[PDB]
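Notes follow the structure.
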Amino acid sequence: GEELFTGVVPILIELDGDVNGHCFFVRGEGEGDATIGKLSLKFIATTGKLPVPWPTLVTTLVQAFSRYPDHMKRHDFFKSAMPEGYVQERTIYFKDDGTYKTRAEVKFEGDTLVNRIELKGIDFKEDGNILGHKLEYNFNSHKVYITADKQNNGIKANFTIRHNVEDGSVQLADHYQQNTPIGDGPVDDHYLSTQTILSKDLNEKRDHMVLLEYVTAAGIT
Amino acid sequence: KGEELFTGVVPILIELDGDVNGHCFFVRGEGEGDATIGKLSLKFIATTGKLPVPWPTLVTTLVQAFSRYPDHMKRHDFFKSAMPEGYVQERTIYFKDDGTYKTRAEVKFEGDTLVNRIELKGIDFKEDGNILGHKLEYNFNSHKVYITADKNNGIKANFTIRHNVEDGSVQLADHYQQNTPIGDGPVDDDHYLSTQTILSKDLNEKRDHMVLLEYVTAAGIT
Ligand SMILES: [Mg+2]
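Protein chains in written order, with our numbering: chain A, 1 to 221; chain B, 222 to 443.
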């Protein structure tokens with residue numbers, strides 16, 4: 001699957017959501033450089049104003065795009081499942097607040113890699129950090145601990161995301177993940193190091209998130 | 222159990238999830254029903270803010286098991302016979318010269334509370350129409366609900382709702398209904414339900430809401 005990631009690969013992102021009854025849609029376009037672990041994307045809300053903070057959707061809207069080191073090439077499930085693709089599911093627990101359930105498909109559509117997502121948010125508190133938009137427009141660096149999931153012939157990941165709040169302490173989001181192959185069966189413990197930058201397109205009147213991310217793999221000597 | 226469950230007053234919880242021309246919203250209602258007297262008292266609230274559609278259009282979509290069937294009609298009602306397991310209630314509502322509603326609901330007992338859970342999708346509603354334009358008066362007329370057996374082992378119903386418009390004209394809503402029992406062994410003749418509704422507001426409620434009082438009795442058989 002490594003052969004399809006050579007050079008620059010186009011990216012398409014689609015998300016459908018419902019948070020405490022609030023529907024919304026997001027569309028993103030950009031490109032990815034798996035060889036260099038670089039992502040550049042621009043997101044727009046096609047339904048108006050986003051009812052939840054943009055940082056909370058960062059993890060939900062890819063991962064093939066990670067640069068796995070030469071001695072770790074065989075451990076990249078994300079790239080190995082292409083072009084057929086894989087299904088990615090999560091339950092995100094915001095401490096003392098609501099929860100997100102997500103289901104996505106990542107696959108090639110022509111020469112474009114597409115990520116179509118469905119998320120449902122429930123039990124979010126009124127005037128909370130999420131529904132109250134009290135989260136800073138930024139993102140911290142994290143470690144995505146990946147482990148094999150023999151039963152589903154895929155992988156599982158666990159990590160806690162730290163969302164900066166406008167005053168000083170931070171809002172935690174526990175992430176639980178499962179990735180499963182879509183077709184024919186081509187596949188150790190390790191982790192991903194992530195860095196993200198959120199920004200704004202000054203000539204865009206629509207709600208915008210501009211994204212730059214750098215991801216590498218490690219954990220094996 | 223299935224009629225024995227409705228002696229006296231039963232608590233009610235109602236939940237609706239909807240999408241009209243892309244505008245999702247949710248409504249939650251709580252109240253009580255006294256099937257012996259065919260009476261309902263409920264309060265509904267929009268938990269997502271302002272309703273993108275007029276409240277009266279959601280009345281029929283929001284517990285016919287509380288209808289009052291006469292002693293000589295005990296056999297006839299199917300609503301209570303399907304309890305406590307409950308029944309599925311589906312509808313397609315066509316508003317004349319406007320959009321359409323598709324609904325799916327499950328009505329059943331959860332403990333001592335009768336619960337009605339709903340999904341509603343509205344399509345092809347016109348901009349500046351009576352519906353999306355909020356031109357319907359805050360009231361509800363009396364109707365007759367025509368029920369017939371669907372020996373899907375349930376029932377079907379057809380009727381036309383009359384919504385008063387602010388200008389004085391009326392917006393019609395054709396209702397097509399299908400009910401199927403969730404589990405086993407329920408009762409199935411042609412007859413109708415006579416309905417009366419009263420809409421009001423809670424003076425101390427800032428959220429978009431609707432207070433409803435309803436009286437339903439059955440007839441059509443001598
Ligand atoms: Mg909904």
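Beta carbons: idealized from backbone N, C-alpha and C, even for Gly.
| Asked | Found |
| --- | --- |
| Any heavy atom of ligand 1 closer than 7 Å to the Cβ of residue 18(A)? | yes |
| Using a Cβ-Cβ cutoff of 8 Å, what residues of the region 272-286 of chain B are near chain A? List them in chain order. | none |
| Name the one or two DSSP bridge partners that residue 392(B) has. | 384(B) |
| So, with DSSP's three-state summary, where would you put residue 400(B)? | strand |
| When you compare the CB positions of residue 190(A) and residue 146(A), do they come within less than 8 Å of one another, or not? | yes |
| Using Cβ-Cβ distances below 8 Å, what residues of the region 10-23 of chain A are close to chain B? | 18, 20, 21, 22 and 23 |
| Just by C-beta distance, which residues in the region 246-269 of chain B are closer than 8 Å to chain A? | 246, 247, 268 and 269 |
| Give me the Cα-Cα distance between residue 66(A) and residue 12(A), rounded to the nearest whole angstrom. | 17 Å |
| Assuming residue 314(B) and residue 308(B) are in contact, meaning their beta carbons sit under 8 Å apart, how far apart are those beta carbons, in whole angstroms? | Actually they do not touch by this definition, with Cβ atoms about 19 Å apart. |
| Provide the residue span of the beta strand (DSSP E) that contains residue 346(B), from first to last. | From DSSP, residue 346(B) is part of no beta strand (DSSP E); its letter is neither H nor E. |
| Would the region 329-339 of chain B and the region 264-278 of chain B be scored as touching if the rule is three or more Cβ pairs under 8 Å? | no |
| Between residue 305(B) and the rest of its own chain, which residues show a CB-CB distance below 8 Å, the 5 nearest in sequence each way excluded? | 222, 223, 226, 329 and 330 |
| Over the uninterrupted alpha helix (DSSP H) stretch that includes residue 79(A), give me the two end residues. | 77-80 |
| Could you please give me the residues that DSSP links to residue 193(A) through a beta bridge? | 143(A) and 216(A) |
| Exposed or buried, what is residue 410(B) when buried is set at 16 or more other beta-carbons lying within 10 Å of its beta-carbon? | exposed |
| If distances are taken between C-alpha atoms only, which option among 316(B), 423(B), 359(B) and 324(B) comes closest to residue 350(B)? | 316(B) |
| Can you tell me whether residue 34(A) is helix, strand or coil according to DSSP? | coil |
| May I have the straight-line CA-CA distance separating residue 303(B) from residue 389(B), to the nearest angstrom? | 41 Å |
| Between residue 228(B) and residue 260(B), what straight-line distance do the alpha-carbon atoms span, to the nearest angstrom? | 12 Å |
| Whole angstroms is fine: what's the gap from residue 277(B)'s alpha carbon to residue 144(A)'s? | 50 Å |
| Taking a contact to mean a Cβ-Cβ separation below 8 Å, would you say residue 154(A) touches residue 245(B) in this structure? | no |
| Buried or exposed: residue 352(B), going by 16 or more other Cβ atoms within 10 Å of its Cβ? | buried |
| Please work out which residues of its chain come closer than 7 Å, Cβ to Cβ, to residue 51(A), disregarding the five sequence neighbours upstream and downstream, and give them in chain order. | 19, 22 and 24 |
| With DSSP run on the structure shown, which of helix, strand or coil describes residue 321(B)? | strand |
| What first and last residue would you give for the beta strand (DSSP E) that runs through residue 88(A)? | 86-94 |
| Give me the residue from 296(B), 299(B) and 355(B) with the minimum Cα distance to residue 279(B). | 355(B) |
| Between the beta-carbon of residue 15(A) and the beta-carbon of residue 211(A), is there less than 8 Å? | no |
| Short of 6 Å in beta carbon distance, which residues of its chain neighbour residue 362(B), apart from the five on each side in sequence? Order them along the chain. | 383 |
| May I ask whether a heavy atom of ligand 1 can be found less than 7 Å away from the beta carbon of residue 21(A)? | yes |
| State yes or no: is the C-beta of residue 297(B) within less than 8 Å of the C-beta of residue 439(B)? | yes |
| Taking the C-alpha atoms as reference points, what is the distance between residue 184(A) and residue 324(B)? | 39 Å |
| May I ask you to list the residues that DSSP assigns as paired with residue 134(A)? | Answer by DSSP bridge pairing: none, since residue 134(A) is not bridged. |
| Taking only three categories from DSSP, how would you classify residue 29(A)? | strand |
| So what's residue 73(A) in DSSP terms, helix, strand or just coil? | helix |
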